[PDB]
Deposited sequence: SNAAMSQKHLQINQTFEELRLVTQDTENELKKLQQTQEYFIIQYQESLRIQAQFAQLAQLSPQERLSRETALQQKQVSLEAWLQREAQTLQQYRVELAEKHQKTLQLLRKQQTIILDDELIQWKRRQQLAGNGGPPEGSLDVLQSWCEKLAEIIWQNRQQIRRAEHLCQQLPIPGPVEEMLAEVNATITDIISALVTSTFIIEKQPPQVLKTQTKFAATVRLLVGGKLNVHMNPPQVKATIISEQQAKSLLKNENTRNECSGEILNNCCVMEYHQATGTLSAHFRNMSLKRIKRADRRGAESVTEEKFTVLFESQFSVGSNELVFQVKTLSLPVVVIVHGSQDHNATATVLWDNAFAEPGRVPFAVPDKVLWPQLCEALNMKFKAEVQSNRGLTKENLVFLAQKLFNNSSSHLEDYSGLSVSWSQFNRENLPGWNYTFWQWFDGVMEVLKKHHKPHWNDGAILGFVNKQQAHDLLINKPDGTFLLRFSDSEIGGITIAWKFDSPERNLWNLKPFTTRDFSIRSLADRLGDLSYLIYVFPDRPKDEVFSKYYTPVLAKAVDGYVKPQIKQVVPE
């Protein structure tokens, strides 16, 4: 990538300029150390002048004349060397300022762009999107960031020790203070921003259920944090508790529940360079409340460690993605809508768990399609026709062009609070019910194209009207949540177009969809013309004989 080629090129130039100032600070220390030896030679002349002055002025003229000439020329050398020493100091501080300003630009490319890109990619992965990918390139860049910032911090601290050994008043003191303020900002932003969650806890979290999380410190190895790995503490915080924690109005260490097995020491893995805390056996013992399915929480991960020096301790805190705590698993369906809306429509740099009330229809389409393919585990997602059917259902409109629904808005209540115009359910309750019946039993049938699904009673009437007798299609029931209805054509004296009574998961548990279809002889061709046995025969149950009937070896 061109962006990735630029980041690596900038690290190579930051590596060079850190060595340029390293070689200059060694020269500066040598110039100062040599200057100090010559200043003591200046003191030796005065000691020799007083030792000669006590004696008579006979042969004293010869010795005290050459000494005067020596003293005068040494004092001129010292006066020019002091200017050189000040010049080198200003030039070193100028180079340090130049490398730290380039460093700030590189730190902002990786921490405010590339890391945000990854965190967002991980947030959508909670909704069924593409995997966020490994933290390997981000760790190899943060290690280089820690390597360069620490080298420059050590160089400026050696430079200050030279200044305290031989102080020269001037602009250097303000430059050194300005450079010191810059490295503490770069060190805090790097440290506080690289304590991240690699593996998020389940966003629909049930009480008394084991769960896992993984927290990584990207600058672990390169800042000697792994010398004595810190203890990380998982604590469940509410939405209001997270607003105050981030707006510094935390006051006391607040919490809204108990997490069993919440203390974990970080583990350094050699031949990877990763410092991570794997919480594998966490469990939510209790939860504090004040609907349940709309109530958001977060897993707060706190740690405290000293970087390099003993007197440089950071208190890191990272918030997990919003978590909805359910108590009976029946609430899993309504909680999923809160998580889906949050993951999909969260704005960057937001106040804890602030989502938009209204969203545009194509935005909701992207989220629904993403979740759908992930639940039914199929590459066959929602086609342009499937999306039009959902818009027709949601907005109560008869338009068959997706472009017409582009500028329409869907509020959160229109999605999962208000029931559909003439129904006892919400749009999400219907869509999620379709995903629930497809995922529970019909994952292969959906992938095979056997279930048309997103077609209404009148649309299916007009698809089959002029087809041969026995043509049928599987459709989603409008009256029964999570129901599949067969629509078939068969010329008869009363009606020619029919709709069979819907089946739900309970029915499918007693007899599979294929077994049910195989019994009905008036179902001959699956729409538009594929013979029934070609589509479903692989799924028919072979009648196995029993041992109680008297069969020693398995028989069909």
- Message: Without any C-alpha position in the structure, which residue ranges of the deposited sequence would you list, numbering from 1?
- Response: 1 to 5, 296 to 301, 568 to 573
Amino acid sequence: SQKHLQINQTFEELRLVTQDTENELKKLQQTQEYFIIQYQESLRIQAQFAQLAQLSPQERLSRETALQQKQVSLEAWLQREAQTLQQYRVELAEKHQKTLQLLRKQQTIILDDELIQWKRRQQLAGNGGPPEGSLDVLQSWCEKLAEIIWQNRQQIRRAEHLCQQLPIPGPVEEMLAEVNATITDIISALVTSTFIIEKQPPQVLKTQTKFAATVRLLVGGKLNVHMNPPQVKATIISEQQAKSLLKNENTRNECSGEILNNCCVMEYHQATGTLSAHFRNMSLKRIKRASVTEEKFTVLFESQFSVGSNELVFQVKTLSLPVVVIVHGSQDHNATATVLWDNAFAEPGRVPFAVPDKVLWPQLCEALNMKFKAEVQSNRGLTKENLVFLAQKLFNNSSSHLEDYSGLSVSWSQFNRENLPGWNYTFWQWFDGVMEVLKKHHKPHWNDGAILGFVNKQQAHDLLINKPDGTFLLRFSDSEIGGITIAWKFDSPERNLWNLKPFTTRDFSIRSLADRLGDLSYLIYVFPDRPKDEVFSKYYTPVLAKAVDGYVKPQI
From here on, numbers count along this sequence of modelled residues.
- Message: Mean Cα B factor from the PDB record: higher for 470 to 478, or higher for 153 to 161?
- Response: 153 to 161
- So 39 to 47 or 521 to 529, which one's hotter by mean CA B-factor in the entry? 39 to 47
- Please pick out which of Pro444, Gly170, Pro130, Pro322 has the largest Cα B-factor as recorded in the entry. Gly170
- Reading the B-factor column for Cα atoms of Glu366, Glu436, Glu249, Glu114, the highest value belongs to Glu249
- Thinking about Cα B factors across the chain, which third does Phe427 belong to? lowest
- Item | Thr65 by Cα B-factor - lowest, middle or highest third of the modelled chain | highest
- Query: Taking the C-alpha B-factors as the PDB entry records them, is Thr18 in the lowest, middle or highest third of its chain?
  - Reply: middle
- Message: By the recorded C-alpha temperature factor, relative to the other modelled residues in its chain, which third is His333 in?
- Response: highest
- Task: Quick one: classify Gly126 as lowest, middle or highest third of the chain based on its Cα B-factor.
- Result: lowest
